[PDB]
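Colleague: Handing you a structure now.
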Amino acid sequence: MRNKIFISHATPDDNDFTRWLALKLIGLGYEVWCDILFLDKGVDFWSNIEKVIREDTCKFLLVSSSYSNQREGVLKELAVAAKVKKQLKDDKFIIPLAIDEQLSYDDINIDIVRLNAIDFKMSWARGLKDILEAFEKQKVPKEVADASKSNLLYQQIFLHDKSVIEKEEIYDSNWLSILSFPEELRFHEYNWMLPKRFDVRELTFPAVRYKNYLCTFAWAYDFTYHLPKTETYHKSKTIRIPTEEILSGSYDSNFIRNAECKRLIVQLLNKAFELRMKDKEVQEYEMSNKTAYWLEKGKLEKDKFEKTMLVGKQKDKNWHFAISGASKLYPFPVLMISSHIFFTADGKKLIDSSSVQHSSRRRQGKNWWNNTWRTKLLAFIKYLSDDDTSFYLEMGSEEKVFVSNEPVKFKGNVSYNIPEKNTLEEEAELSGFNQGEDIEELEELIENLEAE
Amino acid sequence: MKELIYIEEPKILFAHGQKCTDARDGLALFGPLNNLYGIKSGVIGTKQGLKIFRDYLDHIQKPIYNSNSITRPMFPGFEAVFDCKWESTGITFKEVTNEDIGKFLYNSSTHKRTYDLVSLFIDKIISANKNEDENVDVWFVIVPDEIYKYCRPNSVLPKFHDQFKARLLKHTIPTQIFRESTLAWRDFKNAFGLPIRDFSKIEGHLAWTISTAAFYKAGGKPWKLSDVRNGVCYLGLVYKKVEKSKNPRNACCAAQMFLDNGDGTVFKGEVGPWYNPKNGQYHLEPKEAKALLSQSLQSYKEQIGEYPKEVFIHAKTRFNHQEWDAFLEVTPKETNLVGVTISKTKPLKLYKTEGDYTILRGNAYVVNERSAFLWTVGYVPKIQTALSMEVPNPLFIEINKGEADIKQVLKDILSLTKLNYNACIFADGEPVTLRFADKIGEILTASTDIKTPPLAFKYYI
């Protein structure tokens, strides 16, 4: 029967709350049909409106605003409603929803006869209550008041057509795969041979001191230049244990432990990592504890590589691309890679004050996205790659661990589609929140939590 | 080449016993859980502050139009979606004179200025609840805009928040904090393209961070989790340095979510131990560990009654057996005790093939039955943007002690993240027990003395 209450106004111009009105009233137990709600095209919207009006409709709603005046659609629909109410003999057919703030009334029409003067400028609860007793005046056959179908509609109009969908995507991580691994680790017996009262960081080859056993893969005679008295050493004192048993957690005794042998190798890989970077002769910057590795002015063509720019320029400041590396052997024998941005006054000297440094960090980072990080990281890795397969690490005279330059690639089983909002997403979020104690006030403090 | 997994997104319970995903949409369509109607809120300020509050109240009564409703839903009026009514008049407030509020405002020391600011705020709040019952149960207090330039920037001339929230626990009197600069987005501007702030582009969100957050302290529950199993406690904890004197004492606290008789989760926060000796351990001795778990046990008894089954104690630092030995005896045999540590010291970043659209939020990288990788920061289609300004960095959730289940504890973290009342954002970067970990730590260190009873989280933050 006649229980299809209708609405038609400037939907494509101002529809900030038409969906809210429709969902609220259907949750209250009513029935509507609109142009922008359901999956339809605005090429036959007025014809569809006329068709549904002549088939089945009871009441009408119109919203008055500044954008619903300069179009012929509003006036033609008002004339159609006037004709319909004249034919049906209805003295209360349409209801004007006066939402405009700067404008009170612009065009006088005969449509005022079938409506009443209601002001919605101030509040919406009063108007909603009023339209409720408007329904109750003529004993409308209102349906049940349930929000279940309201929700079901909510996953039918407002978004939810672009939600997570089953799609395979390949994700490349920061870890570096290793294919070639040492066969056995050399646990030499030095004791008095190496005196403990010397630092180990200056040693050319990686070495970690543990009581009397030096956990290193280099040959016992490799450390000749730094210590000339290494020639007097018996070969049998070099205790050799395969590393695969340690990785499998099968070699554990009083001499060494599976849970303790893993952490000693990690420092070795890190030490070999700074050895590898200093092989490339790059500039050094200790920030708090972990060093980011970056290339300075006048060392690469066009201050860039491949097809992306690394040593760029922003206003009077020179921004660079820095990479900080680490090693982790718990999940897999792999290498940690991280990215950073540092700023130089003239490309050579560094600012002792980190405040403006992180300020410029945030300034430059708020205008970057996933590509300007992933592509730069990939280019940096390829530049660090020695051969076309996998870069190596230096440990001694014969040891050569090959580390895959290609990052560890995953396969995400869930993904999503980007129909047309690829560009719209970046422009809306350019201006972030930069307030005080109301939204976020310890942003800088959280950034420099590395106070020790 | 490895593989990862995805976990289904949990739901939030709304009005009429229904569950939905979006927060602003969910409230704007159904409303809060309960039905409270009589609220006569108050404001502490001056004549200009009174005018600012009246104008902002009139504005929020009026519809709020945003830039794009696709990325962030608008504000469909206050009463029409909250079913609680105020008016322009009929507000019970006791403001202050201009000279009283401006006797000494150029003070650079936050301690001395706040010792009087909080006293002025509370004295004008606790003095009005004795006349008529349930008349002033909500307040919209607004600190002067000069606080915004002399408290957070530490007394500069360009032209803190818990301190008047912590010492009011003795009177059991809530309040909601705002700022004129937060409200007067049209005032204090110039003939510039972007005067001071000028958030004309984002206006509906500013209307959502002010209504739902203030509604919760009105005795009503906005929304809760609809998929929380019966008999689970969380009991988060926070460790950091106190800023009163030397010897930080390693102050501790608690925050636990638990279910009641029926289908309603309790959103409650308790205070336990005082402190422990020496400076750097981020751990507590067994002797004070007895009370920390005993208080939770007894609270669970007298407002629920039956025995629990799983308590997932959350922490940010590594655990130790020095407290587990004491904790294992306190818990009953029928209850399993599991300690979980979540940190942010694992700088992992994932990248896809191509595109400015980033990773989703919810996928997990399982390793073994000790820890996991979960991306709580990323892109969701509802907001049509990345929750972070750069490549997201996931969390590190590990089970220090106990067995539990990785796939089950991961679901708990995702569900516990979407429990933010101070804001109405779709999701936050940290679980609420960790998102508000700093807030609870600082609200406790403001008032270390006076042992508070097992009072609800209504009164914090």
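Here, A, B, ... name the chains of the structure tokens in the order displayed, residue numbers run from 1 inside each chain, and ligands are numbered from 1 in the same displayed order.
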Could I get the residues of chain A with an atom no further than 8 Å from an atom of chain B, each paired with its nearest atom pair and that distance in Å to one decimal, using only C-alpha atoms, sorted by chain and residue number, as a Markdown table?
Modeller:
| residue | atom | partner | partner_atom | distance |
| --- | --- | --- | --- | --- |
| A:16 | CA | B:69 | CA | 6.8 |
| A:17 | CA | B:76 | CA | 6.5 |
| A:20 | CA | B:29 | CA | 6.8 |
| A:23 | CA | B:29 | CA | 6.9 |
| A:24 | CA | B:29 | CA | 6.1 |
| A:121 | CA | B:62 | CA | 6.5 |
| A:122 | CA | B:62 | CA | 5.0 |
| A:123 | CA | B:62 | CA | 5.3 |
| A:124 | CA | B:80 | CA | 6.1 |
| A:125 | CA | B:80 | CA | 4.6 |
| A:128 | CA | B:80 | CA | 7.5 |
| A:147 | CA | B:30 | CA | 7.3 |
| A:148 | CA | B:18 | CA | 7.4 |
| A:151 | CA | B:20 | CA | 7.7 |
| A:159 | CA | B:382 | CA | 6.7 |
| A:160 | CA | B:382 | CA | 7.4 |
| A:162 | CA | B:381 | CA | 6.2 |
| A:163 | CA | B:381 | CA | 5.4 |
| A:164 | CA | B:381 | CA | 7.4 |
| A:169 | CA | B:352 | CA | 6.9 |
| A:170 | CA | B:352 | CA | 5.9 |
| A:171 | CA | B:352 | CA | 4.4 |
| A:172 | CA | B:351 | CA | 5.5 |
| A:173 | CA | B:350 | CA | 4.9 |
| A:174 | CA | B:349 | CA | 6.5 |
| A:331 | CA | B:367 | CA | 7.1 |
| A:338 | CA | B:347 | CA | 6.9 |
| A:365 | CA | B:390 | CA | 7.0 |
| A:366 | CA | B:389 | CA | 6.1 |
| A:368 | CA | B:390 | CA | 7.2 |
| A:369 | CA | B:356 | CA | 6.0 |
| A:370 | CA | B:356 | CA | 5.4 |
| A:371 | CA | B:356 | CA | 6.4 |
| A:374 | CA | B:351 | CA | 6.5 |
| A:408 | CA | B:1 | CA | 6.1 |
| A:409 | CA | B:1 | CA | 5.7 |
| A:410 | CA | B:2 | CA | 5.7 |
| A:411 | CA | B:3 | CA | 6.1 |
| A:412 | CA | B:4 | CA | 6.5 |
| A:413 | CA | B:5 | CA | 7.3 |
| A:414 | CA | B:6 | CA | 7.2 |
| A:415 | CA | B:360 | CA | 7.4 |
| A:421 | CA | B:384 | CA | 7.7 |
| A:422 | CA | B:356 | CA | 7.0 |
| A:425 | CA | B:385 | CA | 5.5 |
| A:426 | CA | B:385 | CA | 7.6 |
| A:429 | CA | B:385 | CA | 7.7 |
| A:436 | CA | B:152 | CA | 6.8 |
| A:437 | CA | B:152 | CA | 6.9 |
| A:438 | CA | B:178 | CA | 7.6 |
| A:441 | CA | B:152 | CA | 7.7 |
Colleague: Give me every helix (DSSP H, G or I) residue in region 256-305 of chain B, going by DSSP on the backbone, as number ranges by chain.
Modeller: B: 286-303
Colleague: Return as a PyMOL selection string the full set of residues in region 170-383 of chain A whose backbone-based DSSP assignment is strand (DSSP E).
Modeller: chain A and resi 170-178+184-189+208-210+213-216+239-242+292-294+304-305+308-309+312-314+317-328+334-344
Colleague: When you draw a straight line from CA of residue 155 (chain B) to CA of residue 187 (chain B), how long is it in Å?
Modeller: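 Rounded to one decimal, the two atoms are 22.1 Å apart.
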Colleague: Write out as a short mmCIF file (atom, residue, chain, number, x, y, z; two decimals) with C-alpha atoms, in the first residue's frame each polymer residue whose atoms come within 7 Å of residue 338 (chain B), counting only C-alpha atoms; drop sequence neighbours fewer than 2 positions from it.
Modeller:
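The result, written out as out.cif:
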data_model
loop_
_atom_site.label_atom_id
_atom_site.label_comp_id
_atom_site.auth_asym_id
_atom_site.auth_seq_id
_atom_site.Cartn_x
_atom_site.Cartn_y
_atom_site.Cartn_z
CA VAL B 311 44.09 -13.57 33.02
CA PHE B 312 46.34 -12.06 30.34
CA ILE B 313 48.58 -9.63 32.20
CA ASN B 336 45.62 -20.05 34.21
CA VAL B 340 52.33 -10.97 27.81
CA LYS B 401 55.10 -17.12 30.61
CA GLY B 402 52.06 -19.33 30.23
CA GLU B 403 50.74 -21.20 27.21
CA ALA B 404 47.53 -19.49 26.00
#
Colleague: Leaving out residue 297 (chain A) and any residue of its chain fewer than 4 positions from it, which residues lie within 12 Å of it when counting only C-alpha atoms, given as an NGL selection string?
Modeller: :A and (282-283 or 301-304 or 310-313 or 318-321 or 343-349)
Colleague: Can you write just those residues out, C-alpha atoms, as an mmCIF file, in the first residue's frame?
Modeller:
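File produced: again-v2.cif:
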data_model
loop_
_atom_site.group_PDB
_atom_site.id
_atom_site.type_symbol
_atom_site.label_atom_id
_atom_site.label_comp_id
_atom_site.auth_asym_id
_atom_site.auth_seq_id
_atom_site.Cartn_x
_atom_site.Cartn_y
_atom_site.Cartn_z
ATOM 1 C CA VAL A 282 80.665 6.628 3.314
ATOM 2 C CA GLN A 283 80.240 9.295 5.996
ATOM 3 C CA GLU A 301 76.128 10.671 -10.585
ATOM 4 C CA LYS A 302 73.482 13.436 -10.566
ATOM 5 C CA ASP A 303 73.289 12.800 -6.789
ATOM 6 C CA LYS A 304 70.995 9.880 -7.643
ATOM 7 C CA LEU A 310 68.763 10.092 -3.222
ATOM 8 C CA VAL A 311 70.753 13.254 -2.434
ATOM 9 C CA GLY A 312 68.018 15.821 -3.029
ATOM 10 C CA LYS A 313 67.547 19.512 -2.325
ATOM 11 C CA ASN A 318 70.130 19.423 1.548
ATOM 12 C CA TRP A 319 68.165 16.295 2.450
ATOM 13 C CA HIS A 320 69.740 12.848 2.180
ATOM 14 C CA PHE A 321 68.603 9.221 2.386
ATOM 15 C CA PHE A 343 69.852 16.864 6.946
ATOM 16 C CA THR A 344 73.092 18.708 6.187
ATOM 17 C CA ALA A 345 73.742 22.448 6.299
ATOM 18 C CA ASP A 346 76.147 22.350 3.333
ATOM 19 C CA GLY A 347 76.417 18.630 2.538
ATOM 20 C CA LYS A 348 79.556 18.144 4.658
ATOM 21 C CA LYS A 349 79.002 19.594 8.146
#
Colleague: Please measure the separation of CA of residue 335 (chain B) and CA of residue 419 (chain B), giving the value in Å to one decimal.
Modeller: 25.2 Å
Colleague: Figure out the distance between CA of residue 285 (chain B) and CA of residue 248 (chain B), please, to one decimal in Å.
Modeller: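 Distance between the two atoms: 15.6 Å.
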Colleague: Let me make sure I understand: among B:242, B:184, B:461, B:293, which one has the smallest atom-to-atom distance to residue 421 (chain B) if we use only C-alpha atoms?
Modeller: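 Smallest separation from residue 421 (chain B) among the options: B:461.
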Colleague: Using only C-alpha atoms, which protein or nucleic acid residues come within 6 Å of region 437-453 of chain B? Drop anything in the same chain fewer than 3 positions from it, and give the result as a list in words.
Modeller: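 After dropping sequence-adjacent residues, the list is residues 162, 166, 238, 242, 433 and 434 of chain B.
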Colleague: Keeping only N, CA and C atoms, write the selected residues to a file as a compact mmCIF listing (two decimals), in the first residue's frame.
Modeller:
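What follows is the written file again38.txt:
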# COMPACT_ATOMS: atom_id res chain seq x y z
N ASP B 162 46.59 16.11 33.14
CA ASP B 162 46.16 15.20 34.19
C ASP B 162 46.14 15.86 35.57
N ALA B 166 43.66 14.29 38.51
CA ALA B 166 44.12 13.23 39.39
C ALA B 166 43.73 13.46 40.85
N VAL B 238 51.98 -0.27 34.11
CA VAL B 238 52.83 0.79 33.59
C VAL B 238 53.99 1.03 34.54
N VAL B 242 59.06 8.71 38.25
CA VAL B 242 58.24 9.75 38.85
C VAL B 242 59.05 11.03 38.91
N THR B 433 44.96 -0.43 26.82
CA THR B 433 45.78 -0.63 28.01
C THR B 433 47.20 -0.12 27.82
N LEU B 434 47.64 0.03 26.57
CA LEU B 434 48.93 0.64 26.27
C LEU B 434 48.81 2.02 25.66
Colleague: Can you list, as an MDAnalysis selection string, every protein, DNA or RNA residue that comes within 7 Å of region 93-99 of chain B when you count only C-alpha atoms, leaving out same-chain residues fewer than 6 positions away?
Modeller: chainID B and resid 41:46 124
Colleague: Next, the residues of the selection above should be written as a tab-separated table (two decimals), in the first residue's frame with N, CA, C and O atoms.
Modeller:
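Output contents, as saved in again-v4.tsv:
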chain	number	residue	atom	x	y	z
B	41	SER	N	25.21	20.38	32.59
B	41	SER	CA	26.65	20.49	32.72
B	41	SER	C	27.06	21.90	33.13
B	41	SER	O	26.32	22.88	32.97
B	42	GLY	N	28.28	22.00	33.66
B	42	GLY	CA	28.83	23.26	34.13
B	42	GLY	C	30.15	23.59	33.46
B	42	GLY	O	30.81	22.73	32.86
B	43	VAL	N	30.53	24.85	33.57
B	43	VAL	CA	31.75	25.38	32.96
B	43	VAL	C	32.45	26.28	33.97
B	43	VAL	O	31.80	27.01	34.73
B	44	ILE	N	33.78	26.20	34.00
B	44	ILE	CA	34.60	27.05	34.85
B	44	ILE	C	35.39	27.97	33.94
B	44	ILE	O	36.22	27.50	33.14
B	45	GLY	N	35.15	29.27	34.05
B	45	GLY	CA	35.82	30.23	33.19
B	45	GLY	C	35.43	31.66	33.49
B	45	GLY	O	35.13	32.01	34.64
B	46	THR	N	35.43	32.51	32.46
B	46	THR	CA	35.08	33.92	32.64
B	46	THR	C	33.98	34.32	31.67
B	46	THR	O	33.38	33.47	31.01
B	124	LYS	N	35.35	25.18	42.60
B	124	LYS	CA	34.14	25.61	41.91
B	124	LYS	C	33.32	24.44	41.38
B	124	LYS	O	32.27	24.67	40.77
Colleague: Skip residue 236 (chain A) itself and residues of its chain fewer than 5 positions away, then list as a PyMOL selection string all residues within 12 Å of it, counting only C-alpha atoms.
Modeller: chain A and resi 186-190+220
Colleague: Would you output that residue set with N, CA, C and O atoms, as a short mmCIF file (atom, residue, chain, number, x, y, z; two decimals), in the first residue's frame?
Modeller:
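Result file part20.cif:
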data_model
loop_
_atom_site.label_atom_id
_atom_site.label_comp_id
_atom_site.auth_asym_id
_atom_site.auth_seq_id
_atom_site.Cartn_x
_atom_site.Cartn_y
_atom_site.Cartn_z
N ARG A 186 85.01 -21.33 14.28
CA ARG A 186 86.30 -21.55 14.91
C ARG A 186 86.27 -20.99 16.33
O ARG A 186 86.16 -19.78 16.53
N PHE A 187 86.38 -21.88 17.32
CA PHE A 187 86.48 -21.51 18.73
C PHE A 187 87.92 -21.76 19.16
O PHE A 187 88.27 -22.85 19.62
N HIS A 188 88.76 -20.74 19.00
CA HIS A 188 90.17 -20.88 19.31
C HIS A 188 90.40 -20.76 20.81
O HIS A 188 89.61 -20.14 21.53
N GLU A 189 91.50 -21.34 21.28
CA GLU A 189 91.92 -21.26 22.68
C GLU A 189 93.11 -20.30 22.75
O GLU A 189 94.23 -20.67 22.40
N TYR A 190 92.86 -19.08 23.21
CA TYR A 190 93.92 -18.08 23.31
C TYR A 190 94.38 -17.88 24.75
O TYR A 190 95.56 -18.02 25.05
N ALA A 220 93.13 -18.28 12.41
CA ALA A 220 93.92 -17.90 13.58
C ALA A 220 95.11 -17.03 13.19
O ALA A 220 95.56 -16.20 13.99
#
Colleague: Please determine, counting only C-alpha atoms, which residue among A:54, A:362, A:317, A:235 has the shortest atom-to-atom distance to residue 350 (chain A).
Modeller: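 Looking only at the distances to residue 350 (chain A), the closest residue turns out to be A:317.
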Colleague: Which of these, A:138, A:69, A:417, A:324, has the shortest distance to residue 105 (chain A) once you count only C-alpha atoms?
Modeller: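 Comparing A:138, A:69, A:417, A:324 against residue 105 (chain A), the winner is A:69.
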